[PDB]
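Here's the structure, in structure tokens; my notes come after.
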Amino acid sequence: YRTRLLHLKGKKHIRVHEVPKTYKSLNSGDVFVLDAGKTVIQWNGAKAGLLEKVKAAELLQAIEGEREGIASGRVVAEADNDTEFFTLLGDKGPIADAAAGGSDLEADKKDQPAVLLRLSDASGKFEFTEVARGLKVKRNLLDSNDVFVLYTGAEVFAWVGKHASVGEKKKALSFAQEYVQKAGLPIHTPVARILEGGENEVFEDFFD
Ligand SMILES: [Ca+2]
Ligand SMILES: [Ca+2]
Ligand SMILES: [Ca+2]
Ligand SMILES: [Cl-]
């Protein structure tokens, strides 16, 4: 499994990015989730905000629920200097302070990486179209008649509506993989194909 470091940040809402897997990505003002497959560790900065902790905790619960006991989750404080955390991280050193991470208020306003797209072959050809971005990605945009691709800031989901066409159902995953390339995201950005009606905890977690 490819271990990934996730960075959660904000004041009124929380956005998540994949950041380079090193202690240099950390900062004491935010919350990070180290996803090592069977081990998942939430790291709370000494100056982490309540909401950042809450949404990281929700991500852990969703990852746990979706991996069905294969993965265990654990929270550590920055002051704990958790040794398993830094071992899985692969390095250790001084942690940048909160100010070095930038303002949470600016992040709310400037950094909204979510993207929602629709894949539809209703016209007779495949059309792959951006529908909304940032905070305007709302669950009500999903339509059982088509396929939808959601980039959360940390993962790409290909959501297959129950009434998607035969072509939409077959090509859903490949359009979502192609999005990672054309959008210039990290090559190993996780991509998952999911069905309408599934638990889809991590996908559902994005909207609350
Ligand atoms: Ca913060
Ligand atoms: Ca359709
Ligand atoms: Ca949530
Ligand atoms: Cl601030």
Side-chain angles (χ1 to χ4, degrees), residues 1-37 39-67 71-115 133-137 150-157 180 183-186 188-190 201-208:
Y1 189 94
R2 171 156 278 251
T3 297
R4 40 199 319 249
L5 179 65
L6 307 180
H7 181 187
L8 293 92
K9 186 180 182 58
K11 175 63 90 194
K12 285 298 211 119
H13 48 274
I14 303 305
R15 98 286 181 286
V16 58
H17 278 288
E18 185 179 345
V19 294
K21 181 168 82 63
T22 167
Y23 84 92
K24 297 173 302 132
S25 305
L26 303 170
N27 84 77
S28 303
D30 300 337
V31 180
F32 295 73
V33 170
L34 183 49
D35 181 9
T39 297
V40 180
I41 296 168
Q42 173 187 331
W43 180 92
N44 288 342
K47 288 204 58 92
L50 168 67
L51 196 62
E52 298 164 326
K53 302 180 200 171
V54 168
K55 298 305 169 197
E58 291 180 3
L59 184 56
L60 254 72
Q61 285 300 122
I63 289 165
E64 283 162 29
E66 191 142 7
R67 294 185 189 164
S72 65
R74 188 165 66 91
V75 181
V76 306
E78 168 175 13
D80 286 347
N81 295 279
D82 188 84
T83 62
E84 176 178 30
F85 178 78
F86 282 107
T87 300
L88 292 163
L89 198 46
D91 59 357
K92 190 192 189 187
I95 306 296
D97 61 354
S103 163
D104 290 348
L105 282 144
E106 289 320 289
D108 283 356
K109 186 168 104 179
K110 298 285 150 180
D111 196 355
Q112 314 177 358
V115 184
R133 304 196 311 275
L135 301 186
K136 297 179 188 190
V137 174
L150 169 69
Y151 176 53
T152 68
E155 186 172 351
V156 177
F157 295 99
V180 175
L185 300 173
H188 293 170
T189 294
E201 284 99 321
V202 177
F203 172 87
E204 291 300 334
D205 177 60
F206 166 82
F207 296 98
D208 51 31

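Because only heavy atoms are used, hydrogens play no part in the values below, and waters and symmetry mates are left out as well, while side chains stay in. Residue numbers run from 1 in the order of the sequence given.
Checked for salt-bridge contact, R15 and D111 meet the test: a charged N lies under 4.0 Å from a carboxylate O. Residues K9 and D104 are paired through a salt bridge, judged by an N-O separation under 4.0 Å between the basic side chain and the carboxylate.
Residue pairs meeting the salt bridge (charged side-chain N to carboxylate O under 4.0 Å, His left out) criterion with at least one member in residues 82-103, sequence neighbours excluded: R74-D82, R74-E84. Sorted by first and then second residue, the salt bridge (charged side-chain N to carboxylate O under 4.0 Å, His left out) pairs involving residues 47-59 (not counting sequence neighbours) are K55-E58.
Ring pair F32/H7 is parallel by interplanar angle, where below 30° counts as parallel and above 60° as perpendicular. Ring pair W43/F85 is parallel by interplanar angle, where below 30° counts as parallel and above 60° as perpendicular.
In terms of modelled atom types and a separation under 3.5 Å, the side chain of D30 and the main chain of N27 share no donor-acceptor contact. Distance alone, capped at 3.5 Å, is enough to place a donor-acceptor pair between the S25 side chain and the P20 backbone. Formation of a donor-acceptor pair under 3.5 Å by the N81 side chain with backbone atoms of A79 is found in this model.
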Subject >> Full working for side-chain contact (heavy atoms from CB on, under 4.5 Å) between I41 and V76 >> reply: CA-CA 7 Å; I41 296 168; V76 306; 4.0 Å; yes
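Shown here for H17 and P113, the closest heavy-atom pair between the two residues is CE1-CB, 3.4 Å.
Other residues, nucleotides and ligands place more than 12 heavy atoms under 6.0 Å from the NZ atom of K21.
Listed by chain and number, the residues in a salt bridge (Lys or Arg N to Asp or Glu O under 4.0 Å) with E18 are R4 (sequence neighbours excluded).
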